[PDB]
Amino acid sequence: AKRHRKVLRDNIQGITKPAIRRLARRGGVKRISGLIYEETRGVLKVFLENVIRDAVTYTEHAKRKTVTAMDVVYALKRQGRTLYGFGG
Amino acid sequence: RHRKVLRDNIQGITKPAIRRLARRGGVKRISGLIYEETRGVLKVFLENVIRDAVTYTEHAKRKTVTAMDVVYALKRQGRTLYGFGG
Amino acid sequence: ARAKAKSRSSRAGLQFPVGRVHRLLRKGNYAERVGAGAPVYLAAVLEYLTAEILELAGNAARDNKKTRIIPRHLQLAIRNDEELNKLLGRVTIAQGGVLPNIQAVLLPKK
Amino acid sequence: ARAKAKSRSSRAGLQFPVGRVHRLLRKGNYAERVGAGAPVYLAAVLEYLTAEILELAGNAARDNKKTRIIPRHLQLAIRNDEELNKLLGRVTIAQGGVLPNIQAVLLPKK
Amino acid sequence: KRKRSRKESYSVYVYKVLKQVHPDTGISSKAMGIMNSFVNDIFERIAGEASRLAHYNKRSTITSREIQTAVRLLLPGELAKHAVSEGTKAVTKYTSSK
Amino acid sequence: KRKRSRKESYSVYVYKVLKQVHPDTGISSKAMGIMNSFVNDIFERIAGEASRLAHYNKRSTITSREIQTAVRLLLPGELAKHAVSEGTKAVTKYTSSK
Amino acid sequence: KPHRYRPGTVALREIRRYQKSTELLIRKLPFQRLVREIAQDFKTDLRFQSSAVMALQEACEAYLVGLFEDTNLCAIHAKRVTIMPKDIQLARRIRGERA
Amino acid sequence: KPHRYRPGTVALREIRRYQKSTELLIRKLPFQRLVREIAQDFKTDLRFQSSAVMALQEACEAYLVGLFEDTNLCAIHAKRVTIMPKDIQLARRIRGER
DNA sequence: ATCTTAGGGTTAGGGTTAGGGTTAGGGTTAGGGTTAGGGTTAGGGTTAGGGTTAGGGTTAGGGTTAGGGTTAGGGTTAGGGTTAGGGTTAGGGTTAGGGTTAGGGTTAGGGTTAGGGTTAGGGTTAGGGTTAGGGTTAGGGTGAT
DNA sequence: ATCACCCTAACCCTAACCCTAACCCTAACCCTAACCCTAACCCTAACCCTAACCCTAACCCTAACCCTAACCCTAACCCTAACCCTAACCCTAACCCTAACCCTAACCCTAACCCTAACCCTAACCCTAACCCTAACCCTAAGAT
């Protein structure tokens, strides 16, 4: 018949402590305070929201229900973060 | 007709002027080595803006730099300016 | 034979010029064609933003006990509102000055 | 009854397509008219920049003892060249990584 | 025969709006110049975004929908909400009078 | 009758240029995607600046002069010098063939 | 006693290892779940291409790595080697993100 | 003995004074000479409108004031009150200028 | 000098994808015809650069001094390194159904053009909002108790 | 822990001046009306790409433990920048003079647009083999004591 959806809860904790450590290591960070992780998650969330909002706007303008890679590329470009390798 | 070459005008940006600019930016205490660093910074910024303004002027086949040339140069540097005919 | 002219600004209930905006859209190399409602929508949005800024600037001028608005009042209005500050983050207002702000650590201790 | 066609790219001695660049200029709403020499100049500039980057990336690929260029080599080429780094300063390259830099103060004393 | 070209401005309209919001308040020359710059800046931003939106979707026309989407992209929250409300209201009123 | 639209790219010309600069080197698919993105980005930047230059000076045509000025405004020093040299040489060669 | 590295040795080794590589550092499934959760309030019943989620992940990781480089500079400015939340906040304020 | 303010009092008074006003803080004529000296390298026998030099001065002063605000934040971050050249260098590095 | 460990160099083998080869369809080029955008020349207003004078506000240099930046030392707690157990993600696989996209058919919305009337820009002028100058005064800083 | 004393910014009143707001004319630009044609809407069908689900196995994450070294706080000191004063100098302002320069008008011509046919180039698709990755093994340099 119809394929219904389900809601999602508390997935920000999926960005784990080891992942944030690795991201800092690629950034050249040697020693990390314990209160960084929470901070980092907040930062990430904000970033994501903004991009996703813009992307969804693009998707709604074309009257599509699917967010494509080009929507993300345009959303990032209009925030001063151009991305190569996904089109455009 | 005759034009005279200018030199070492960067010293015209005096210590008191730099102190005033720091005061407007809410600075209380200033080290003695700040003034030379500030002169270098201003020099770089001005060179970058003036080169683009002169490019705009030369494209129009003019010899006088106008305020719109400066406004366009600043706008493309990422620093929009209001109040000079934008 | 011909009916008396009505401005397109009056039909939309606007003060900003719908005709001029339409011409500027047609001659700006934005697209091949321009719809009928695009200039109306754009003029309305521009008028709204203008009124917002002018209200805040008028309040700023009254706080300094002045009749006229000067660039300082515009600067204060823009920088004291979160959304207008965000919209004009990379904009310099000539003769605007800066907001009074001193870091708490710089103030005298006792 | 007509002369054999020669590509405008071969007339200008280029590898990039002059005709395609001309069409993209005409269709992109950049101006009312496009001159005959604009697409030639633009194609020449694009080709020069492409050759610039590709030469540096090929050098990087040979340094790591590989035959193909991958995005890592492009990233290294871009970030090790001052002018290319300035031109692409606000650009992210997918699967590129970062330059291997460690701050001097972090290294062990002995 | 040698006359200088006219210069357009939004000063008339800015003054009208000012008299609507603050009837007993004036504006200096410099403040008016700044207001002109602001209106031109916002016009350029919105129109450019709308042009790019029309280009992405292979459409040859800039319509009220493109302007609406551009407004939603370029303005912060409450500004975008109220601007969209004003635009829709104006278009509805314009259509109502044939 | 149901046939998908074709999609153009710069892969052929990028491969030609690669075979000129490095006869033995090959390129990955992802790197080719990166190069297509780069070419499109630079095209848009230069074309936009040329459009603005023409509008400022009230001209209806984009000529090689606007392209040259845009190149000088957008590229850093030595890149701009060499790109200008290549552009002028190409245009001169193109015109020399009638 | 069994062999034991002194503090910071493995950290330097990891710095070198992860600056040499190019793969993604966040797990794909949790990142996808986070993306879908965030998107669910802008509009209900959205679909995503795989490439859209990959593009988002690339952009997010690049952003975080850049921010960590700036945070490291801020930490060294204060004569420390440990990064703290105040370093992140300073870097974001100066960048223009106002945090 | 004669009155004497403690160190830092007059500095705070100056901060309050200069954050309250809007005038240009650099002498006009020395700045004009500097502008002409810088521009003579790019092209010889250039001319400037008055408004051009005024626009340049407005932009420069705004830029330096912003830089000093960021520099002050960097200095306070290091548990200091004095700004030093390394603070300017850090601020410019993070801004993406150097 | 000594034991230990982790990343790097070598070789054999599988396998994924890049590079070469066909084919067709559509996008570029040649050829002819038309028109208006821009290049050329002359003339005229206008405005930026150079020179003058006067004065008075701002800068530079020297002297006194306090408090802020630098350094060394000592304690302590918090973050790094390590290890075992178990949760969960990465990969493979299938299914179906909702969503995207093309293709043919209409139509009405937007572009064109011409005539005429409204309105916004340019130029002139008076008066009142703002400013400079002079005189209190209220708030806050500083050394002393 | 007020307190006397003293400096500075703010408040108020008056003359005056210059910048704004009102008025008038007029040329240009917007509105109206008739006409036409193609972009965009619409409805159908078609394939296909994403969500949902099951399995499973290795691998990454989590928590507990031990320990050291980095961070923070304190005291001492010393030198550097703040504050103040004075002599002089250089900016500011007001004025003139002229040559360079920027703008407009008339003229006209050639470069760019438009349409059409046809033919050459590039995208889609297939297929193979060579570069890249994986697994096992050995050297080799650097870390900790």
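Protein chains get the first letters and strands the later ones, always in sequence-line order, with residue 1 at the start of each.
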J.: Write down the distance between CG (D:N64) and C1' (I:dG9), rounded to a whole number of angstrom.
T.: 15 Å

J.: Taking any heavy-atom pair under 4.0 Å as a contact, classify H:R17: base, sugar-phosphate, or nothing.
T.: nothing

J.: Just to be sure I understand the rule, does C:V34 reach a base, reach only the sugar-phosphate, or reach nothing, if contact means heavy atoms closer than 4.0 Å?
T.: sugar-phosphate

J.: Given the rule that positive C1'-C2'-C3'-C4' is north and negative is south, which one is J:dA46?
T.: north

J.: So what does G:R16 touch, heavy atoms closer than 4.0 Å: a base, only the sugar-phosphate, or nothing?
T.: nothing

J.: Looking only at side-chain N and O atoms, does F:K1 come under 4.0 Å of OP1 or OP2 in I:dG104?
T.: yes

J.: Are more than 12 heavy atoms from other residues, nucleotides or ligands located less than 6.0 Å from atom CZ of G:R13?
T.: yes

J.: Would one find a side-chain N or O of D:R8 under 4.0 angstrom from OP1 or OP2 of I:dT29?
T.: yes

J.: Identify the heavy atoms of G:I83 and A:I36 that sit nearest to each other, and give their distance.
T.: O-CG1, 3.7 Å

J.: For I:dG98, does either OP1 or OP2 sit under 4.0 Å from a side-chain N or O belonging to A:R5?
T.: no

J.: With heavy atoms under 4.0 Å as the rule, sort H:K20 into base, sugar-phosphate or nothing.
T.: sugar-phosphate

J.: Base of I:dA1 relative to its sugar, syn (within 90° of 0) or anti?
T.: anti

J.: If you compare every side-chain N and O of F:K3 against the phosphate oxygens of I:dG26 (OP1, OP2), does one of them come in below 4.0 Å?
T.: yes

J.: Is the closest side-chain heavy-atom distance between H:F48 and H:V35 below 4.5 Å?
T.: yes

J.: Tell me: CZ of D:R20 to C1' of I:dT29, nearest whole Å?
T.: 15 Å

J.: Tell me what A:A1 touches on the nucleic acid: a base, only sugar-phosphate, or nothing, going by heavy atoms under 4.0 Å.
T.: sugar-phosphate

J.: Examine I:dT100: is either OP1 or OP2 under 4.0 Å from a nitrogen or oxygen in the side chain of A:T66? Give yes or no.
T.: yes

J.: With a 3.5 Å limit on both atom pairs, tell me what J:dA1 is paired to, counting Watson-Crick and G-U wobble, or say none.
T.: I:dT145

J.: Whom does J:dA144 pair with, Watson-Crick or G-U wobble, provided both distances fall under 3.5 Å?
T.: I:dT2

J.: Consider the side chain of C:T67, meaning its heavy atoms from C-beta on, and name the nucleotide among I:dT130, I:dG111, I:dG49 that approaches it most closely.
T.: I:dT130

J.: Considering all heavy atoms of both residues, which atom of D:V18 and which atom of D:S9 are nearest to each other, and what is their separation?
T.: N-OG, 3.1 Å

J.: For the pair made of NZ in F:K7 and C1' in I:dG25, what is the distance, rounded to whole Å?
T.: 18 Å

J.: Scan nucleotides 83-92 of chain J nucleotide by nucleotide, 5' to 3', and note B when protein non-hydrogen atoms come under 4.0 Å of the base, S if they reach only the sugar-phosphate, - if neither.
T.: BS------SB

J.: If you only use heavy atoms from C-beta on, which nucleotide in I:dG116, I:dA48, I:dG51 is closest to the side chain of H:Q49?
T.: I:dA48

J.: Measure the distance from CD1 on A:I15 to P on I:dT88 and round it to the nearest whole Å.
T.: 15 Å

J.: Pick the nucleotide of DNA chain I nearest each of B:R3 and F:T61; which residue has the one closer to the 5' end?
T.: F:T61

J.: Output the rounded distance in Å from NZ (B:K28) to P (I:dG68).
T.: 7 Å

J.: Look at all strands and tell whether D:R68 reaches a base, only sugar-phosphate, or nothing, counting heavy atoms closer than 4.0 Å.
T.: sugar-phosphate

J.: Take a 6.0 Å sphere around NZ of B:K61 and say whether it holds more than 12 heavy atoms from other residues, nucleotides or ligands.
T.: no

J.: Ignoring backbone atoms, test whether C:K4 places a side-chain nitrogen or oxygen under 4.0 Å from the OP1 or OP2 oxygen of I:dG116.
T.: no

J.: Output the single nucleotide from I:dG37, I:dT59, I:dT29 whose closest atom is nearest the side chain of B:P16.
T.: I:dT59

J.: Would you indicate what G:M84 reaches in the nucleic acid, counting non-hydrogen atoms under 4.0 angstrom: base, sugar-phosphate, or nothing?
T.: sugar-phosphate

J.: Considering the options H:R33, H:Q40, H:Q32, which one meets the side-chain contact (heavy atoms from CB on, under 4.5 Å) requirement together with H:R36?
T.: H:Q32

J.: How long is the line joining CZ of G:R47 and P of I:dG97, in whole Å?
T.: 12 Å

J.: What residues form a side-chain contact (heavy atoms from CB on, under 4.5 Å) with D:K66, not counting sequence neighbours?
T.: D:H73

J.: Side chain of E:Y13 only, please: which of I:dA120, I:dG110, I:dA18 is the nearest?
T.: I:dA120

J.: Using a cut-off of 4.0 Å on non-hydrogen atoms, how would the nucleic acid contact of A:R3 be classed: base, sugar-phosphate, or nothing?
T.: base

J.: A:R31 CZ to I:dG81 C1': how many Å, rounded?
T.: 12 Å

J.: Does the cation-pi check pass for C:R20 over E:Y13, that is, NZ or CZ under 6.0 Å from the six-membered ring centre and within 45° of its axis?
T.: no

J.: Hydrogens and angles aside, do C:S7 and C:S10 bring a side-chain donor and acceptor to less than 3.5 Å of each other?
T.: yes

J.: When H:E14 is tested against each of B:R23, B:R29, B:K28 for salt bridge (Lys or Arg N to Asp or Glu O under 4.0 Å), which residue passes?
T.: B:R23

J.: Please give the nucleotide sitting opposite I:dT22 as a Watson-Crick or G-U wobble pair, both distances under 3.5 Å, or none.
T.: J:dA124

J.: Whole angstrom is fine here: how far is it from CD1 in E:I62 over to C1' in I:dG110?
T.: 14 Å

J.: Which sits closer to the 5' end of DNA chain I, H:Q32 or F:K19, going by the nucleotide each is nearest to?
T.: F:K19

J.: Please figure out whether F:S9 or C:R23 has its closest DNA chain J nucleotide nearer the 5' end.
T.: C:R23

J.: For A:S33 and I:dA78, is the shortest distance between a side-chain N/O and OP1 or OP2 below 4.0 Å?
T.: no

J.: So what does F:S29 hit on the nucleic acid, given a heavy-atom distance under 4.0 Å: a base, only sugar-phosphate, or nothing?
T.: sugar-phosphate

J.: Classify G:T82 by what it touches in the nucleic acid, base, sugar-phosphate, or nothing, heavy-atom distance under 4.0 Å.
T.: sugar-phosphate

